[PDB]
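Before any questions on binding or motion, here is one chain by itself as structure tokens, the form deposited without the ligand.
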């Protein structure tokens, strides 16, 4: 019938029906990538996981990191991953969410921004923030892909603590709980991923290894934020220390230890460069988002290195750009104003350098070290 063929879907139905552009694939994929295995540390290996599950975790984690920008006093992020009870919790301190009724939406702010699509504090680009949040989907996406999703946030400013639980893929909502509060602010998101939607039995070794490395990413990309994972503080202090976990004792194909060049250009840019034996490689972050596919921030840095190096071969000489890039392994941690991406998953940052809100001119010292690695 005509009504069978031509269908209209609600926004909520569309997300569950076509998850890919929202949270990535909901099918099990087997591929190689960086993870953190216990008793091994950060290593590159083949893993079988569901991108979508890894992503709803990421959305909540990045939201926590975003609060450090909202309130620089924030100093900690506590993560809990419990396979047995299928429970994941992301806690952060610093200013909590305003526990008060939104005068326009007629409901308490936390319920609005965690229980309704297209809600955000990042819709006014005049503020030129360097938060990772941008579309107003992230948290609701995690909620929709969870069987139980709880939001607890305490606001001393408003003298109240808010707690409310959603269930059945954000299809049901429990009673909002309000209580007087006069303590240290905090926000804790606790959720039970709907494994049925990901066709999984439980949170296995592979997915956990991915989530743990992601926690290390956060500890390495943020500033003055201690990250705990199941009670254990992650031993990371600065982007440099994080990059070292990847290189530490790795040796060159000849035998010599890989040389690592580093420079924290300014308060918004930090770069590390080493030689690659498998073509161009990049590990990048924008506003604490893991830009796994890279983007303009990577090109911007990588290219000025390439140029310099090419301008050195012109002397000892017709080298192509890609030829030089193939021997490069670059790490970049940047803070970008109002970044744009190809999709909600934010794996590729597309904003033009002219609009970054800052520049990253590598030093002569860095270049000199680069021209001789």
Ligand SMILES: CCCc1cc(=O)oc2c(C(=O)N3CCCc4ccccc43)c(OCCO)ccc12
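Residue numbers count along the first chain shown, from 1.
This protein has a second form, the form solved in complex with the ligand, left out of what is shown; the following refers to that one.
Of the residues 269, 162, 166, 285, just one reaches the ligand in the deposited bound form with a heavy atom at 4.5 Å or closer; this is 285. Scanning 292, 230, 192, 241 against the ligand in the deposited bound form with a 4.5 Å heavy atom cut-off leaves one residue, 292. When contacts are judged by a 4.5 Å heavy atom cut-off, residue 31 counts as touching the ligand in the deposited bound form. In the deposited bound form, the ligand sits beyond 4.5 Å of every heavy atom of residue 181. Taking non-hydrogen atoms only, residue 300 never approaches the ligand to within 4.5 angstroms in the deposited bound form. The closest non-hydrogen atom of residue 246 lies within 4.5 Å of the ligand in the deposited bound form. Using a 4.5 Å heavy atom cutoff, none of 82, 145 and 206 lies near the ligand in the deposited bound form. Here the chain stands alone, but in the deposited bound form its contact with the ligand, taken as any heavy atom within 4.5 Å, falls in 214-222 among 195-203, 167-175, 230-238, 214-222.
Within 4.5 angstroms of the ligand in the deposited bound form, the stretch 35-66 places a non-hydrogen atom from each of 44, 49, 51, 54, taken in sequence order.
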